[PDB]
$ cat model.cif   # mmCIF, C-alpha atoms and all ligand atoms
data_entry
loop_
_atom_site.group_PDB
_atom_site.id
_atom_site.type_symbol
_atom_site.label_atom_id
_atom_site.label_comp_id
_atom_site.auth_asym_id
_atom_site.auth_seq_id
_atom_site.Cartn_x
_atom_site.Cartn_y
_atom_site.Cartn_z
ATOM 1 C CA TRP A 1 10.783 -7.479 6.667
ATOM 2 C CA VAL A 2 12.903 -8.892 9.605
ATOM 3 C CA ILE A 3 13.447 -12.052 11.673
ATOM 4 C CA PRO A 4 11.534 -11.081 14.893
ATOM 5 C CA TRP B 1 8.888 8.532 24.607
ATOM 6 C CA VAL B 2 10.972 10.271 21.822
ATOM 7 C CA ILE B 3 11.171 13.488 19.781
ATOM 8 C CA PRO B 4 9.667 12.252 16.437
ATOM 9 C CA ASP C 1 4.383 20.382 15.843
ATOM 10 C CA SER C 2 6.110 20.049 19.282
ATOM 11 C CA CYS C 3 4.562 16.568 19.979
ATOM 12 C CA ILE C 4 6.388 13.732 21.811
ATOM 13 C CA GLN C 5 5.803 10.152 20.531
ATOM 14 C CA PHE C 6 5.402 6.815 22.349
ATOM 15 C CA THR C 7 7.477 4.358 20.206
ATOM 16 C CA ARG C 8 5.534 1.203 21.213
ATOM 17 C CA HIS C 9 1.988 2.722 20.953
ATOM 18 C CA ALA C 10 1.058 1.355 17.476
ATOM 19 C CA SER C 11 2.342 -2.156 18.396
ATOM 20 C CA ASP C 12 0.436 -2.105 21.749
ATOM 21 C CA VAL C 13 -2.760 -1.008 19.926
ATOM 22 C CA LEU C 14 -2.463 -3.875 17.422
ATOM 23 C CA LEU C 15 -1.688 -6.397 20.215
ATOM 24 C CA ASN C 16 -4.918 -5.256 21.986
ATOM 25 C CA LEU C 17 -6.955 -5.463 18.741
ATOM 26 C CA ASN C 18 -5.658 -9.065 18.334
ATOM 27 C CA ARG C 19 -6.712 -9.838 21.990
ATOM 28 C CA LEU C 20 -10.219 -8.561 21.112
ATOM 29 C CA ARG C 21 -10.232 -10.799 17.994
ATOM 30 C CA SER C 22 -9.126 -13.887 20.084
ATOM 31 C CA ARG C 23 -12.021 -13.307 22.574
ATOM 32 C CA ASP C 24 -14.475 -12.463 19.723
ATOM 33 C CA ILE C 25 -15.090 -8.972 21.218
ATOM 34 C CA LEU C 26 -16.770 -6.350 18.982
ATOM 35 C CA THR C 27 -16.091 -8.386 15.794
ATOM 36 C CA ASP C 28 -18.646 -7.121 13.235
ATOM 37 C CA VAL C 29 -18.188 -9.276 10.150
ATOM 38 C CA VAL C 30 -17.739 -12.916 9.091
ATOM 39 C CA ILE C 31 -15.452 -13.592 6.074
ATOM 40 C CA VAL C 32 -16.521 -16.813 4.327
ATOM 41 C CA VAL C 33 -13.757 -18.687 2.450
ATOM 42 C CA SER C 34 -15.396 -21.847 1.010
ATOM 43 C CA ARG C 35 -16.355 -24.102 4.038
ATOM 44 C CA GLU C 36 -14.483 -21.874 6.556
ATOM 45 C CA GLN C 37 -15.642 -18.765 8.479
ATOM 46 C CA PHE C 38 -13.379 -16.066 9.995
ATOM 47 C CA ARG C 39 -14.680 -13.396 12.388
ATOM 48 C CA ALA C 40 -12.926 -9.992 12.324
ATOM 49 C CA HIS C 41 -13.213 -6.220 12.772
ATOM 50 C CA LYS C 42 -14.135 -4.374 9.527
ATOM 51 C CA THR C 43 -11.793 -1.468 10.466
ATOM 52 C CA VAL C 44 -8.760 -3.721 10.844
ATOM 53 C CA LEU C 45 -9.495 -5.499 7.535
ATOM 54 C CA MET C 46 -9.824 -2.094 5.782
ATOM 55 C CA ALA C 47 -6.567 -0.837 7.382
ATOM 56 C CA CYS C 48 -4.653 -3.900 5.958
ATOM 57 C CA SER C 49 -6.305 -4.689 2.598
ATOM 58 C CA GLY C 50 -7.121 -2.617 -0.493
ATOM 59 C CA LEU C 51 -9.945 -5.095 -1.267
ATOM 60 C CA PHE C 52 -11.616 -4.742 2.211
ATOM 61 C CA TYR C 53 -11.086 -0.951 2.072
ATOM 62 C CA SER C 54 -13.087 -0.844 -1.234
ATOM 63 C CA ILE C 55 -15.779 -3.291 0.102
ATOM 64 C CA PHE C 56 -16.533 -1.542 3.374
ATOM 65 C CA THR C 57 -16.476 2.016 1.910
ATOM 66 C CA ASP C 58 -19.229 0.859 -0.490
ATOM 67 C CA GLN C 59 -22.575 2.403 0.630
ATOM 68 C CA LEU C 60 -24.367 -1.010 0.369
ATOM 69 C CA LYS C 61 -21.622 -3.482 1.335
ATOM 70 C CA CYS C 62 -20.555 -1.442 4.419
ATOM 71 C CA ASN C 63 -23.741 -2.820 6.129
ATOM 72 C CA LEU C 64 -23.186 -6.508 5.365
ATOM 73 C CA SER C 65 -22.340 -8.837 8.285
ATOM 74 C CA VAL C 66 -21.182 -11.649 5.894
ATOM 75 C CA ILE C 67 -18.664 -11.311 2.981
ATOM 76 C CA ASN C 68 -18.098 -14.281 0.649
ATOM 77 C CA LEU C 69 -14.666 -14.453 -0.976
ATOM 78 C CA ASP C 70 -13.960 -15.824 -4.482
ATOM 79 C CA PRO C 71 -14.107 -19.695 -4.396
ATOM 80 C CA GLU C 72 -10.512 -19.891 -5.752
ATOM 81 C CA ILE C 73 -9.307 -18.416 -2.405
ATOM 82 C CA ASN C 74 -7.601 -20.917 -0.108
ATOM 83 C CA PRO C 75 -8.828 -20.833 3.574
ATOM 84 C CA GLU C 76 -5.305 -21.526 4.960
ATOM 85 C CA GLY C 77 -3.808 -18.658 2.866
ATOM 86 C CA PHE C 78 -6.571 -16.383 4.172
ATOM 87 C CA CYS C 79 -5.996 -17.533 7.800
ATOM 88 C CA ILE C 80 -2.204 -16.788 7.519
ATOM 89 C CA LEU C 81 -2.990 -13.318 6.134
ATOM 90 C CA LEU C 82 -5.674 -12.558 8.755
ATOM 91 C CA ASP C 83 -3.085 -13.472 11.466
ATOM 92 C CA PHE C 84 -0.553 -11.133 9.727
ATOM 93 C CA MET C 85 -3.102 -8.275 9.728
ATOM 94 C CA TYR C 86 -3.527 -8.523 13.527
ATOM 95 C CA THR C 87 0.137 -9.255 14.455
ATOM 96 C CA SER C 88 2.615 -7.985 11.707
ATOM 97 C CA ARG C 89 3.936 -11.634 11.609
ATOM 98 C CA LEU C 90 3.684 -13.659 8.404
ATOM 99 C CA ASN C 91 3.928 -17.482 8.586
ATOM 100 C CA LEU C 92 5.513 -17.889 5.137
ATOM 101 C CA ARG C 93 6.579 -21.486 4.298
ATOM 102 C CA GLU C 94 7.582 -23.375 1.122
ATOM 103 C CA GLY C 95 4.273 -25.316 1.357
ATOM 104 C CA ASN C 96 2.043 -22.238 1.630
ATOM 105 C CA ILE C 97 3.904 -19.430 -0.286
ATOM 106 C CA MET C 98 1.911 -19.871 -3.532
ATOM 107 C CA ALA C 99 -1.506 -19.775 -1.730
ATOM 108 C CA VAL C 100 -0.356 -16.845 0.471
ATOM 109 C CA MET C 101 0.840 -14.773 -2.544
ATOM 110 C CA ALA C 102 -2.376 -15.508 -4.563
ATOM 111 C CA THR C 103 -4.507 -14.505 -1.521
ATOM 112 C CA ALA C 104 -2.406 -11.305 -0.869
ATOM 113 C CA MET C 105 -2.795 -10.276 -4.572
ATOM 114 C CA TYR C 106 -6.610 -10.756 -4.330
ATOM 115 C CA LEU C 107 -6.746 -8.903 -0.961
ATOM 116 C CA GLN C 108 -4.468 -6.116 -2.327
ATOM 117 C CA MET C 109 -1.802 -6.421 0.415
ATOM 118 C CA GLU C 110 1.207 -4.963 -1.495
ATOM 119 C CA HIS C 111 3.986 -5.544 1.080
ATOM 120 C CA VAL C 112 3.013 -9.250 1.483
ATOM 121 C CA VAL C 113 2.935 -9.670 -2.353
ATOM 122 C CA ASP C 114 6.460 -8.058 -2.518
ATOM 123 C CA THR C 115 8.079 -10.411 0.083
ATOM 124 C CA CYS C 116 6.395 -13.481 -1.554
ATOM 125 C CA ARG C 117 7.796 -12.503 -4.991
ATOM 126 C CA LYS C 118 11.302 -12.065 -3.435
ATOM 127 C CA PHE C 119 11.210 -15.429 -1.546
ATOM 128 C CA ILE C 120 10.007 -17.200 -4.750
ATOM 129 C CA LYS C 121 12.770 -15.517 -6.885
ATOM 130 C CA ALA C 122 15.440 -16.732 -4.376
ATOM 131 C CA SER C 123 14.360 -20.424 -4.721
ATOM 132 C CA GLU C 124 14.308 -20.494 -8.592
ATOM 133 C CA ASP D 1 7.536 -19.931 15.150
ATOM 134 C CA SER D 2 9.435 -19.316 11.843
ATOM 135 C CA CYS D 3 7.424 -16.112 11.017
ATOM 136 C CA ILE D 4 8.918 -13.018 9.304
ATOM 137 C CA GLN D 5 7.698 -9.578 10.519
ATOM 138 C CA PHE D 6 6.920 -6.333 8.658
ATOM 139 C CA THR D 7 8.432 -3.597 10.932
ATOM 140 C CA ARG D 8 6.103 -0.774 9.769
ATOM 141 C CA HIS D 9 2.824 -2.822 9.782
ATOM 142 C CA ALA D 10 1.446 -1.634 13.174
ATOM 143 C CA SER D 11 2.237 2.038 12.329
ATOM 144 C CA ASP D 12 0.608 1.713 8.849
ATOM 145 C CA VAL D 13 -2.503 0.126 10.442
ATOM 146 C CA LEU D 14 -2.833 2.991 12.944
ATOM 147 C CA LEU D 15 -2.256 5.617 10.201
ATOM 148 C CA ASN D 16 -5.136 4.002 8.208
ATOM 149 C CA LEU D 17 -7.409 3.875 11.296
ATOM 150 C CA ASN D 18 -6.715 7.632 11.776
ATOM 151 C CA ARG D 19 -7.609 8.254 8.048
ATOM 152 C CA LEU D 20 -10.931 6.447 8.679
ATOM 153 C CA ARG D 21 -11.514 8.638 11.775
ATOM 154 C CA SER D 22 -10.749 11.871 9.753
ATOM 155 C CA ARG D 23 -13.333 10.867 7.064
ATOM 156 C CA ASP D 24 -15.827 9.638 9.735
ATOM 157 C CA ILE D 25 -15.788 6.102 8.219
ATOM 158 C CA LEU D 26 -17.201 3.241 10.343
ATOM 159 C CA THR D 27 -17.074 5.339 13.560
ATOM 160 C CA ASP D 28 -19.583 3.681 15.935
ATOM 161 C CA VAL D 29 -19.686 5.864 19.033
ATOM 162 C CA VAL D 30 -19.881 9.523 20.101
ATOM 163 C CA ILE D 31 -17.949 10.527 23.272
ATOM 164 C CA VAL D 32 -19.624 13.535 24.919
ATOM 165 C CA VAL D 33 -17.325 15.801 26.980
ATOM 166 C CA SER D 34 -19.530 18.664 28.280
ATOM 167 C CA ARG D 35 -20.605 20.760 25.178
ATOM 168 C CA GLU D 36 -18.235 18.862 22.814
ATOM 169 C CA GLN D 37 -18.759 15.622 20.831
ATOM 170 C CA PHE D 38 -16.004 13.312 19.496
ATOM 171 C CA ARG D 39 -16.702 10.487 17.031
ATOM 172 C CA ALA D 40 -14.453 7.394 17.240
ATOM 173 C CA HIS D 41 -14.124 3.625 16.794
ATOM 174 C CA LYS D 42 -14.982 1.641 19.974
ATOM 175 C CA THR D 43 -12.158 -0.864 19.223
ATOM 176 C CA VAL D 44 -9.489 1.831 19.052
ATOM 177 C CA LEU D 45 -10.726 3.456 22.290
ATOM 178 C CA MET D 46 -10.652 0.032 24.033
ATOM 179 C CA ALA D 47 -7.133 -0.700 22.680
ATOM 180 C CA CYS D 48 -5.823 2.614 24.221
ATOM 181 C CA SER D 49 -7.814 3.120 27.449
ATOM 182 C CA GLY D 50 -8.522 0.929 30.484
ATOM 183 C CA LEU D 51 -11.742 2.938 31.038
ATOM 184 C CA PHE D 52 -13.084 2.352 27.451
ATOM 185 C CA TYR D 53 -11.987 -1.313 27.650
ATOM 186 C CA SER D 54 -14.182 -1.745 30.803
ATOM 187 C CA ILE D 55 -17.114 0.265 29.262
ATOM 188 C CA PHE D 56 -17.352 -1.561 25.954
ATOM 189 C CA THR D 57 -16.854 -5.076 27.438
ATOM 190 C CA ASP D 58 -19.918 -4.370 29.627
ATOM 191 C CA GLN D 59 -22.896 -6.405 28.277
ATOM 192 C CA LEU D 60 -25.208 -3.310 28.389
ATOM 193 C CA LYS D 61 -22.813 -0.439 27.610
ATOM 194 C CA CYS D 62 -21.225 -2.273 24.622
ATOM 195 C CA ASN D 63 -24.453 -1.393 22.679
ATOM 196 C CA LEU D 64 -24.529 2.332 23.461
ATOM 197 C CA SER D 65 -23.844 4.780 20.596
ATOM 198 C CA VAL D 66 -23.308 7.723 23.049
ATOM 199 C CA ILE D 67 -20.986 7.761 26.138
ATOM 200 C CA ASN D 68 -21.054 10.769 28.488
ATOM 201 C CA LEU D 69 -17.816 11.459 30.355
ATOM 202 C CA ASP D 70 -17.584 12.903 33.895
ATOM 203 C CA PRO D 71 -18.319 16.705 33.777
ATOM 204 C CA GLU D 72 -14.904 17.446 35.388
ATOM 205 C CA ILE D 73 -13.248 16.192 32.145
ATOM 206 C CA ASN D 74 -11.786 18.939 29.963
ATOM 207 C CA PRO D 75 -12.717 18.687 26.203
ATOM 208 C CA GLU D 76 -9.252 19.923 25.071
ATOM 209 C CA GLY D 77 -7.486 17.308 27.283
ATOM 210 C CA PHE D 78 -9.764 14.641 25.794
ATOM 211 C CA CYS D 79 -9.113 15.887 22.210
ATOM 212 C CA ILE D 80 -5.282 15.734 22.769
ATOM 213 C CA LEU D 81 -5.622 12.176 24.112
ATOM 214 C CA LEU D 82 -7.961 11.027 21.309
ATOM 215 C CA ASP D 83 -5.354 12.343 18.787
ATOM 216 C CA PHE D 84 -2.624 10.413 20.717
ATOM 217 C CA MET D 85 -4.695 7.197 20.548
ATOM 218 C CA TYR D 86 -4.879 7.397 16.727
ATOM 219 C CA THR D 87 -1.313 8.690 16.062
ATOM 220 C CA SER D 88 1.126 7.801 18.989
ATOM 221 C CA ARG D 89 1.859 11.610 19.161
ATOM 222 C CA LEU D 90 1.067 13.554 22.328
ATOM 223 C CA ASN D 91 0.732 17.370 22.142
ATOM 224 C CA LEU D 92 1.982 17.997 25.695
ATOM 225 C CA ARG D 93 2.417 21.710 26.589
ATOM 226 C CA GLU D 94 2.886 23.714 29.818
ATOM 227 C CA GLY D 95 -0.657 25.123 29.334
ATOM 228 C CA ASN D 96 -2.361 21.740 28.918
ATOM 229 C CA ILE D 97 -0.232 19.241 30.979
ATOM 230 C CA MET D 98 -2.499 19.352 34.070
ATOM 231 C CA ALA D 99 -5.721 18.740 32.027
ATOM 232 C CA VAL D 100 -3.978 16.035 29.931
ATOM 233 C CA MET D 101 -2.698 14.155 33.036
ATOM 234 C CA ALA D 102 -6.125 14.375 34.814
ATOM 235 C CA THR D 103 -7.851 13.073 31.631
ATOM 236 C CA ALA D 104 -5.241 10.238 31.151
ATOM 237 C CA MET D 105 -5.733 9.140 34.821
ATOM 238 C CA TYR D 106 -9.549 9.028 34.302
ATOM 239 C CA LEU D 107 -9.155 7.195 30.942
ATOM 240 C CA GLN D 108 -6.579 4.785 32.485
ATOM 241 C CA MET D 109 -3.801 5.513 29.941
ATOM 242 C CA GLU D 110 -0.748 4.525 32.072
ATOM 243 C CA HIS D 111 2.086 5.541 29.701
ATOM 244 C CA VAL D 112 0.585 9.055 29.208
ATOM 245 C CA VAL D 113 0.167 9.437 33.026
ATOM 246 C CA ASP D 114 3.877 8.386 33.454
ATOM 247 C CA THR D 115 5.298 10.975 30.963
ATOM 248 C CA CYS D 116 3.047 13.740 32.457
ATOM 249 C CA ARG D 117 4.330 12.970 35.992
ATOM 250 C CA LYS D 118 7.965 13.087 34.695
ATOM 251 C CA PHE D 119 7.493 16.406 32.786
ATOM 252 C CA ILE D 120 5.803 17.953 35.884
ATOM 253 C CA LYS D 121 8.631 16.704 38.223
ATOM 254 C CA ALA D 122 11.256 18.329 35.906
ATOM 255 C CA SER D 123 9.598 21.809 36.152
ATOM 256 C CA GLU D 124 9.257 21.849 40.008
HETATM 257 O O1 LIG E 1 -1.612 -2.951 0.281
HETATM 258 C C1 LIG E 1 -2.530 -2.237 0.679
HETATM 259 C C2 LIG E 1 -2.991 -2.067 2.111
HETATM 260 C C3 LIG E 1 -4.113 -1.077 1.994
HETATM 261 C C4 LIG E 1 -4.950 -0.502 2.943
HETATM 262 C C5 LIG E 1 -5.929 0.409 2.534
HETATM 263 N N1 LIG E 1 -6.601 1.093 3.568
HETATM 264 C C6 LIG E 1 -6.864 2.424 3.679
HETATM 265 N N2 LIG E 1 -6.258 3.256 2.814
HETATM 266 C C7 LIG E 1 -6.471 4.548 2.988
HETATM 267 CL CL1 LIG E 1 -5.639 5.583 1.868
HETATM 268 N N3 LIG E 1 -7.206 5.170 3.893
HETATM 269 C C8 LIG E 1 -7.804 4.352 4.765
HETATM 270 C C9 LIG E 1 -7.658 2.978 4.710
HETATM 271 BR BR1 LIG E 1 -8.535 1.901 5.986
HETATM 272 C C10 LIG E 1 -6.021 0.779 1.188
HETATM 273 C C11 LIG E 1 -5.194 0.199 0.234
HETATM 274 C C12 LIG E 1 -4.252 -0.737 0.653
HETATM 275 N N4 LIG E 1 -3.312 -1.446 -0.103
HETATM 276 O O1 LIG E 2 -3.089 2.113 30.108
HETATM 277 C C1 LIG E 2 -3.854 1.268 29.649
HETATM 278 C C2 LIG E 2 -4.180 1.037 28.188
HETATM 279 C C3 LIG E 2 -5.141 -0.115 28.229
HETATM 280 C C4 LIG E 2 -5.809 -0.807 27.226
HETATM 281 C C5 LIG E 2 -6.663 -1.860 27.568
HETATM 282 N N1 LIG E 2 -7.145 -2.633 26.492
HETATM 283 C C6 LIG E 2 -7.191 -3.989 26.370
HETATM 284 N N2 LIG E 2 -6.528 -4.722 27.281
HETATM 285 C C7 LIG E 2 -6.526 -6.031 27.099
HETATM 286 CL CL1 LIG E 2 -5.628 -6.931 28.282
HETATM 287 N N3 LIG E 2 -7.089 -6.753 26.148
HETATM 288 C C8 LIG E 2 -7.742 -6.032 25.230
HETATM 289 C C9 LIG E 2 -7.813 -4.652 25.288
HETATM 290 BR BR1 LIG E 2 -8.752 -3.716 23.945
HETATM 291 C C10 LIG E 2 -6.794 -2.247 28.906
HETATM 292 C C11 LIG E 2 -6.137 -1.552 29.913
HETATM 293 C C12 LIG E 2 -5.322 -0.480 29.559
HETATM 294 N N4 LIG E 2 -4.560 0.362 30.377
HETATM 295 CL CL CL E 3 0.761 -5.744 3.271
HETATM 296 CL CL CL E 4 -0.965 5.255 27.282
#
$ encode --input "model.cif" --output "structure tokens"
Amino acid sequence: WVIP
Amino acid sequence: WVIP
Amino acid sequence: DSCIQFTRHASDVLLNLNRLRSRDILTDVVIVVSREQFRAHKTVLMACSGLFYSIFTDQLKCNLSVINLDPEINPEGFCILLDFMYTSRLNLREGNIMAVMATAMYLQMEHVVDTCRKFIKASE
Amino acid sequence: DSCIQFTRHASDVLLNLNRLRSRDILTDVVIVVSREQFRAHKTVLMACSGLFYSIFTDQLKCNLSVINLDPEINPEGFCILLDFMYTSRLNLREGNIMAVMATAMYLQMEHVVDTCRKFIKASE
């Protein structure tokens, strides 16, 4: 999971 | 396009 | 093999599937969550959820145009997860994390369940 | 928004759609290319091809279970492109590049046409  |  | 690969292909496919959903094109099922209805593509639901995979591979249920979820399922939690299925983006907030995790466990969406458990553990 | 994103989601969705294709699950159309037949999901074809997007948004053609391609279309070129649609991998070889490019132009698959033109320009 990432900060888009 | 890349070499997978 | 000696194949080449187009990096953005999977993302572009999903973006187009979401455009079809937004315009209600070739949607083939309605998911009923209490008083709310959500139109979607059976194939996309199956590709994202262990529960929908089991439902639509069933020889009788595969032909249903309406699927009613368990009444304990929250429509907002379902909406957030349906958006995630079609975009890879999860709108996870303090106010919705419990409903989102409960819905992801029911829908059998393992990666969503994992990030919810981690975000909850960080706030305790 | 304040969304988080699961990097591998789009790839995992496409991998699952390809698994459904391999087991012939929920395929809803046959594409006829001369003597050959290819089963697929209309939504995936539309998401990858400008030609299939136009065909299945047509109020009459959207309901067809069989689509016949132009007889000039090569079944191997089509097969290579159908595999690309469901995997992001293109099996481009000296022996098939001309048929693949001609098929991608007909199917309106711009990124495939672009790499074919580049590979051809390099060998001249
Ligand atoms: O957390 C998750 C997400 C998910 C998706 C599917 N979907 C499919 N699985 C397989 Cl093996 N083949 C085709 C399809 Br469609 C099955 C289980 C799960 N569990
Ligand atoms: O080279 C390409 C690939 C492709 C795909 C689509 N598909 C869609 N396009 C739009 Cl804008 N919305 C929903 C869908 Br499905 C249209 C044109 C093209 N040209
Ligand atoms: Cl997931
Ligand atoms: Cl393309």
$ resolve_selection --input "model.cif" --expression "the PyMOL selection byres (((chain A and resi 4) around 12) and not hetatm)" --output "list in words"
residues 1, 2 and 3 of chain A; 87, 88, 89, 90 and 91 of chain C; 1, 2, 3, 4, 5, 6 and 7 of chain D
$ residues_around --input "model.cif" --residues "region 19-32 of chain C" --least-positions-apart "5" --cutoff "9 Å" --atoms "all atoms listed in the file" --output "PyMOL selection string"
(chain C and resi 14+37-42+64-69+75+86) or (chain D and resi 42-43+47+56-57+62)
$ atom_distance --input "model.cif" --atom1 "CA of residue 48 (chain C)" --atom2 "CA of residue 98 (chain C)"
19.7 Å
$ axis_aligned_box --input "model.cif" --around "ligand LIG 2 (chain E)" --padding-each-side "3 Å" --output "lines of an AutoDock Vina configuration file"
center_x = -5.9
center_y = -2.4
center_z = 27.2
size_x = 11.7
size_y = 15.0
size_z = 12.4
$ atom_distance --input "model.cif" --atom1 "CA of residue 102 (chain C)" --atom2 "CA of residue 15 (chain D)"
25.8 Å
$ closest_residue --input "model.cif" --among "C:8, C:115, C:45, C:73" --to "chain B" --atoms "all atoms listed in the file"
C:8
$ residues_near_ligand --input "model.cif" --ligand "ligand LIG 2 (chain E)" --cutoff "8 Å" --atoms "all atoms listed in the file" --output "PyMOL selection string"
(chain C and resi 13+15-20) or (chain D and resi 43-54+107-112)
$ resolve_selection --input "model.cif" --expression "the PyMOL selection byres (((chain D and resi 76-78) around 7) and not hetatm)" --output "ChimeraX atom specification"
/D:74-75,79-82,96,99-100,103
$ closest_residue --input "model.cif" --among "D:118, D:9, D:71, D:59" --to "chain A" --atoms "all atoms listed in the file"
D:9
$ closest_residue --input "model.cif" --among "C:101, C:106, C:116, C:95" --to "chain A" --atoms "all atoms listed in the file"
C:116
$ atom_distance --input "model.cif" --atom1 "CA of residue 60 (chain C)" --atom2 "CA of residue 85 (chain C)"
24.3 Å
$ decode --input "model.cif" --residues "chain B" --atoms "C-alpha atoms" --output "mmCIF file, in the first residue's frame"
data_model
loop_
_atom_site.group_PDB
_atom_site.id
_atom_site.type_symbol
_atom_site.label_atom_id
_atom_site.label_comp_id
_atom_site.auth_asym_id
_atom_site.auth_seq_id
_atom_site.Cartn_x
_atom_site.Cartn_y
_atom_site.Cartn_z
ATOM 1 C CA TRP B 1 7.461 -1.375 -22.896
ATOM 2 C CA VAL B 2 9.988 -3.467 -20.808
ATOM 3 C CA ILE B 3 11.687 -6.881 -20.684
ATOM 4 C CA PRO B 4 9.589 -8.570 -17.906
#
